[PDB]
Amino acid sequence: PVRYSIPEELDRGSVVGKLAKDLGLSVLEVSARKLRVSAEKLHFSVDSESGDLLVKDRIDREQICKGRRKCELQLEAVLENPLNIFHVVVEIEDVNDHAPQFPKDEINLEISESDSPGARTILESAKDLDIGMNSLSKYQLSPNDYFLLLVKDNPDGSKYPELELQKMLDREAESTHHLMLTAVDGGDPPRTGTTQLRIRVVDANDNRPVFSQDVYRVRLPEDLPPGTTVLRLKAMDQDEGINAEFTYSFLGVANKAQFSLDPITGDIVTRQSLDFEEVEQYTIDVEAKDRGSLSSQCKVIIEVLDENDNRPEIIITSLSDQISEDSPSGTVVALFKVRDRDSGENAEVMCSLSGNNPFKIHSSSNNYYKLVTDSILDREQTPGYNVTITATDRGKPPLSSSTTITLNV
């Protein structure tokens, strides 16, 4: 079988080979014996003047050999009187007329933010119908910090790219990445096909809901009626959607007796009345946690302001029913103490007597006062005496309590 090697995509009329000269026939025999050439799906023309094989149709190697590495066509030469048949093998060389191209212009991707480094994603394969060196050679990707491109060859023999993640993604810093991907063949000069991949990072629950303040400080008067909304907590979750829906809760145990907390709204209200004498300061550990159990905690301290709601109490320690009227000057008559549960200015007290009696007030020790008689009296002058002592605290509103004592001579 005579063999003729020609490249594909040759213009009509180009010469394949001297078929008549190779067969040993002359122009006279080519004209006399009807010379025809027959292929499977191709047609060739032979002119009577030259007697050589000329191309009659456009030959696309990728159409006929369709990925066969070595390409050949089986032609037949028919002659008449006497009719005879001959076989010609024509090897078709590939030309780099087809550039690599992607199935889609843009590739849209979704990569989870929680994707571990080193993870790989398979990308769309670039197709190059050419074979051999003119086929697809390598892939290259635009430079970036996150993705490094790998070229793997699938079982058929083609080349497909996959992405190896170098660093963990973070949509809270960069939501999406737009990259340019190129595929180059091994030609001279080589050809490039480009697709622009648009990667979208979906939210991953990797950010905890953080409060606006690490510590919240409020001040309240103890006369605050229960049910009042004392505070509204502010917190934000840098994530998105499910990963950003959080609730507030009382981390402290048994401390919900004095305060109530709406978990969704994050506001703290008073369950019951506050008493400065009972609890002066509150410390509440409040937590914010999303549906993914990511939580951050902060402390809310509450300062209760003292109000003058407790009247001062007089407690007579001891008293002498019978005393002498002609007793010496400054004679002690009764011993009593003044106690007030309040604190600060609400605890300071001032007490006074009537003044008509000869008795006078004196200060001996803290929270204790002695009632004495500065001037002696006659039993005939005044046998019995009633005295009303008033103890008033000056913090607003000032409050006073009185105690009436009877002394006999």
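Just count from 1 along the sequence shown to find any residue number.
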(message) On mean Cα temperature factor in this entry, is 303-311 or 320-328 the higher one?
(response) 320-328
(request) Going by the average Cα B-factor in the PDB entry, point out whether 50-58 or 370-378 comes out higher. (result) 370-378
(request) Quick one: which of 209, 103, 292, 157 shows the highest Cα temperature factor in the PDB entry? (result) 157
(request) Could you check 219, 200, 337, 87 and tell me which one carries the biggest Cα B-factor in the deposited entry? (result) 337
(message) For the chain shown, is the CA B-factor of residue 394 in the lowest, middle or highest third of its modelled residues?
(response) highest
(message) What third of the chain does residue 298 rank in for C-alpha temperature factor, lowest, middle or highest?
(response) middle
(request) Divide the modelled residues of the chain into thirds by Cα B-factor and specify which third, lowest, middle or highest, holds residue 129. (result) middle
(message) Could you place residue 194 in the lowest, middle or highest third of its chain by Cα temperature factor, using the values in the record?
(response) middle
(request) Could you say whether, by C-alpha temperature factor, residue 78 belongs to the lowest, middle or highest third of its chain? (result) middle
